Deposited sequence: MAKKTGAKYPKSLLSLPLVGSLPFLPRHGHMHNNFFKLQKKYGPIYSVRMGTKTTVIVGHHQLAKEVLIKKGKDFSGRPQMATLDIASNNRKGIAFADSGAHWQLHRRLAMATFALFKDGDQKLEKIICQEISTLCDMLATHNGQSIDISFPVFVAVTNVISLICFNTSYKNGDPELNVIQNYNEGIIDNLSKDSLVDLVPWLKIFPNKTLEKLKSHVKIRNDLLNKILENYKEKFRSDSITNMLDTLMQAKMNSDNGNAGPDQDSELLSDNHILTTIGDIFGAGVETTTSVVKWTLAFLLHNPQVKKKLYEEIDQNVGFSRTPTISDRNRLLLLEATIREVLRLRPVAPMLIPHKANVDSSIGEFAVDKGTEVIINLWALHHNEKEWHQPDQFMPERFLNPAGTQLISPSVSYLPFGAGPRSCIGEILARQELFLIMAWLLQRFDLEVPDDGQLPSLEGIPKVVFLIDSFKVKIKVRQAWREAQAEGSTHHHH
């Protein structure tokens, strides 16, 4: 009796469980590196640190490409900007220029710590008004980090109540929603198989994103001055200026649409990533009062109430620094990073990988590898401290919250500063507790282009100790 012709085979059910976890689980059958073919496209998935470091660092430039996706084309205005731009002159220029911009913010009025703290100060005054109430803290945090990224990009901020903030939240949620159903990694290309309105809806939100950023950049052409380079748009316009002095080869690279998309990548990631990690952290603290208590003891013992926290306090608030590390481990913002692509014929783990092959680093697998981590599925900030609680250790080499190599995160410094000061200022002022109905946040998460957490509410109360210290 005969066996059936097989025209197709997938290792696991699509749209069942988080992709990143399905790939991980599948290593128990197939090892830390395996591929899948979808028509002509081949994708390689890699779930061990050594192989990952090879893809990101040792052979970084071989695999520094980005695959093309119909969805990422719309958000990137056809692979302009930085994150979804393929390897090439454009990407290199803008990545470098965006990196150069952050370097500015080391000193003076536009020192990064002082910018963040001004916005955190507002946030906390605002949250304090909700004393005794249970709220979703998303929008307040969104506002705070949006003003920061706006300052970095434009040296402008939004006034309290500016309806533009709401317009931005709307299109951000709309784009993230339609950019991918779940993660960026789709085994089956569902959107090209059945009738649907995904690209239409995505274009609509991006169009509002673009029109908005266009007015800002239009208006700023009147304000640009070559003797005043203090933000990212300055930096970018200076480059276009210097290029056109017949025009340089960088001239094509810096059209207004190029500048716009890069600003968009930076504006989008400056809000969505950090707002998200803040929510995750609070979520984990609601689930672990014992950790949360010790963060209060720590921040009262090393900072007290004479003054507000400072970047300098990273020295003493070690458990807080450890807590942040652990969230970035347990719930990485990008658990499969952003997809990479083989720029040339190369190899991983001595296996052949052809030009154009998509390569995906399963960061989730690295952070949950049993042989590299003690009880990986547990929230344990202590793992990032020595047993004495006196300083910060790196307990595993299988840890890359911010990527590495040519495509590593360019916003890490900003991220780490925002994350640490937001959590420090909040913990100094507020008791952050479970709402009156007793609902805890689901820690499962919602994987999109970023690893989001479901909306949830936190009962916020002004601390006794903070109050008593106002005299």
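Where the model has no C-alpha, note the corresponding stretch of the deposited sequence, numbering from 1. Several stretches lack coordinates - namely 1-12, 258-260, 487-494, in sequence order.
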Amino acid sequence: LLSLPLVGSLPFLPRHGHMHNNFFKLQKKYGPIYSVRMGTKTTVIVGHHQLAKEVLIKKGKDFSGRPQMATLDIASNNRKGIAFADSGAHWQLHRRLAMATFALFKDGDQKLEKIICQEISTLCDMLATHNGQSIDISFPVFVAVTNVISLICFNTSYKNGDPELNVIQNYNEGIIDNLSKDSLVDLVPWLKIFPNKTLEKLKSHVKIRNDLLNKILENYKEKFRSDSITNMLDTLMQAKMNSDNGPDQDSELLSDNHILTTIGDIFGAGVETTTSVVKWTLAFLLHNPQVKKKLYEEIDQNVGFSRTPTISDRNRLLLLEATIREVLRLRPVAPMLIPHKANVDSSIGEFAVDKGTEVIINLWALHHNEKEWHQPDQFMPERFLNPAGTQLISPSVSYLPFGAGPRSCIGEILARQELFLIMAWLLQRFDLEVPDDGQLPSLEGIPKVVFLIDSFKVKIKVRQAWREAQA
From here on, numbers count along this sequence of modelled residues.
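Rigid core: the largest C-alpha set superposing within 1.5 Å between the two forms.
Which of these two stretches, 384-392 or 106-114, has the larger RMS Cα offset in 7 other deposited structures of this protein when the rigid core is kept aligned? Between 384-392 and 106-114, the one lying farther away in 7 other deposited structures of this protein is 106-114.
Stretch departing more from the displayed form, 80-88 or 179-187, Cα RMS in 7 other deposited structures of this protein (core fit): Larger mean C-alpha displacement, comparing 80-88 and 179-187 in 7 other deposited structures of this protein, is found in 179-187.
Unmodelled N172 in at least one third of other entries with both flanks present: No; none of the other entries leave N172 out.
Do a third or more of the other compared entries leave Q249 out of the model? Counting only entries that model residues on both sides, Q249 is unresolved in at least a third of them.
285-293 versus 381-389: which one carries the higher mean Cα B factor per the record? Result: 381-389.
Got a sec? Mean C-alpha B-factor, which is higher, 458-466 or 5-13? According to the PDB entry, the answer is 458-466.
Using the temperature factors in the entry, find which of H130, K207, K221, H367 has the highest value at its Cα atom. Highest CA B-factor of the listed options: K221.
Just grab whichever of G88, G174, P401, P339 has the top CA B-factor as deposited. Top of the list by C-alpha B-factor: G88.
For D436, does the deposited CA B-factor place it in the lowest, middle or highest third of the chain? According to the entry, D436 has a C-alpha B-factor in the chain's highest third.
Compare the C-alpha B factor of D211 with those of the other modelled residues in its chain, then answer lowest, middle or highest third. Tercile = middle for this residue's CA B-factor.
Ranked C-alpha temperature factor of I115 among modelled chain residues, by third: Highest third of the chain for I115's C-alpha B-factor.
Of the three thirds of its chain by CA temperature factor, lowest, middle or highest, which one includes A352? Its C-alpha B-factor, which the entry lists for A352, ranks in the lowest third among residues of this chain.
Thinking about Cα B factors across the chain, which third does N170 belong to? It falls in the bottom third of the chain.
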